[PDB]
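Have a look below at one chain only, the form deposited in one PDB entry, in C-alpha cells format.
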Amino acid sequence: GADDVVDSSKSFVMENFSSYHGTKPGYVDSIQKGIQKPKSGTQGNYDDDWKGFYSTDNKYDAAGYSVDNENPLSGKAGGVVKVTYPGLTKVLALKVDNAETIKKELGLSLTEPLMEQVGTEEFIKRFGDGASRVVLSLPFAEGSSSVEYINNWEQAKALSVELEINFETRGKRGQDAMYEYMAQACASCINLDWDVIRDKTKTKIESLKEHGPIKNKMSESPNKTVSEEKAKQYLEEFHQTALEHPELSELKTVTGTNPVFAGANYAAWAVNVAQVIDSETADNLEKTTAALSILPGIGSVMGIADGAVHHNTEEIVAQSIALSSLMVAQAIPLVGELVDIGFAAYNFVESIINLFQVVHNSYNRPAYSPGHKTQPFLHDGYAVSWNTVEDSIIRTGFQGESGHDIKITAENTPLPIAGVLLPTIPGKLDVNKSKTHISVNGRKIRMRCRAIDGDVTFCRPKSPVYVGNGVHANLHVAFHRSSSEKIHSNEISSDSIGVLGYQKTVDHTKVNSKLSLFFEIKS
C-alpha cells in the first residue's frame, strides 16, 4: 500500500516551496546560474534509485555541507543558497528510505530508479495532487528535526537559486564564518568571537614566552628526548608556573577545582599531541586536525565536563589555548621530532580552535542529557537507560495501568542494584508492586516495596541483583491509576526514577550509587 510508505499527514502542497543547499567553495556563483545534474561524480547517490538534487529545510544544516572536499576537516566553506520552485510543489513525506519497498508499495516500475520515476509526468500526476512537481521528504537525521528533500534532477531545472550566505565573502580565518553562522541557530548558546580569541591567544603566547619564571622554568627543561614520565613531570611543573602569569589569572581560578582541568591533564594533553605530530603533519593543517581529532583529553583544555562547556568567554578560552600552545612547544623536544616553536604557535592553534568550534556547535544543538529518552546514564560502572522513548513517558488522564522498562548493566565485575525509588501520587500514580520486578538474564525477581517521604516508594529486589559483563537486567515498573484525573506538576515531586547501585561511605556518610532515568508526564 501507498500508506505503507507515504506519510500523508506530513505530505502537503506548497506554492513557492523553497529549501537550502550547501555549496562548495568555487561553485557559489556558478550554481546560482541554475541547478543541473553534474557530469562528474555520483550525482546524488551511489544507488541509482536515489540520485537527485538534495536540499534541506534548515539553512544551518546546509552550511555544514559547504566545506572543501579535499580538506573536509579544516578546509574553506563555500556558502549556502536558497532554491525555490515557482508555482506549486508537492512535498511527499516518506515513512521509509528503502527504494525497493517504496517502488513495490507505490506500485511503480521496479526496474527503473525511483528518483527518475518521481520526475515523470505520470508520477507527478498520481501523487503531485495537482502540483507542478514532486519532491521527496525524509527525516534529516536522528537527533535532528530537519528534513532532507530529494529533488528529481530534471525537475530541479526549475529551481530559482539565490545566495543565502557566502562564507568566503566574510573574509574570516579558518571556518570562523561557518560556525558563527551556525551559532545563529541558538539566538545558553555559545556565540564566541573567534577573531578576538585568536588575537588574545597570540598576545598571551608571545607574552608567556617573555616571562622570566617561564623562560626560566624552560631553562630547567631537558630539551632532549626524555622519558614520558619525566616529560609529564616537567610539563606539570611548567604548567604550575605558567599559570601564575597575570594573563592566565582567570583561568587560574576557573581550573583550580575541577579535576578534569588539572595541570596533570594539560601535561597529559601536551604529551599526546607531541607524540603524534611529525614534520609532514605539522606543515599541513588538514593532517594536523586529522591527527589532533583522534586524541583523548581535549575536554581538559576546552573546559568541558559533566555536560557543560565551562570556558565560555573569549578571555578564558584564549587563556586555555595559549597555555596549551606553550605546553606543546615544551613537550615536543622531550617527546617529539620537529620544530616545537613552529607547530605549537601556529598550526597547533589554528587546528585546536577548529576542534573547539566543532564541539561548541554540538553543545549548541538540541540534545538529550543522560537518563532522558533512550540516552543512557553512565555512572559508577553502570549503564542504565529507558528501553524505548515511550517507556520514559508516564501518561496521565486515565484509569488503568502502564509498564516502563529500564535497561540496566555494568561494565565489568558484578555490581549490585539495591532498589529503585519510584514516584507516586495517590490514585493518580500508584505502584503495582505485583507487576513491578527486575529480570536479570531472564530471572524474574519480585519486589518488596515500601512507601517513603516525598511521594516516593522504595522497592527492593527479593533476591540479590548483580549486573556486569554478561549479566544484564530489565527493571519493569508497573504503574496503576484508579483516577482519570490528570497528574498536575505540583503533585510531581521529583522528575526521575532513581535506581540505586552499590553502597559507598563517601563523605563519611553511607551514600548509595545513584542512577537516574528522567521521565515526562503526558496526555
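Only residues modelled in both forms are compared. Start at 1 and count along the sequence shown; that's the residue number. Heads up, when I say rigid core I mean the largest set of C-alphas that superpose within 1.5 Å between the two forms.
One more form of this protein, deposited in another entry, exists but is not displayed; see below.
query = So with the core overlaid, does the Cα of residue 455 end up 2 Å or more away between the shown form and the other one?
reply = Residue 455 C-alpha, core-superposed: shift of 2 Å or more.
query = Using the core for the fit, does the CA position of residue 287 change by 2 Å or more between the shown form and the other one?
reply = Moves: no, less than 2 Å.
request  = Specify closer or farther for residue 268 and residue 383: how their Cα atoms are spaced in the other form versus the shown form, given a shift of 3 angstroms or more.
outcome  = Compared with the form shown here, the C-alpha atoms of residue 268 and residue 383 sit closer together in the other form, by 3 Å or more.
query = Do residue 300 and residue 377 move together or apart in the other form, judged by C-alpha distance changing 3 Å or more?
reply = Compared with this form, residue 300 and residue 377 lie farther apart in the other form.
query = Superposing on the rigid core, where do three or more consecutive Cα atoms all move 2 Å or more between the shown form and the other one?
reply = Residues 368 to 523 form the single run that moves by 2 Å or more between the shown form and the other one.
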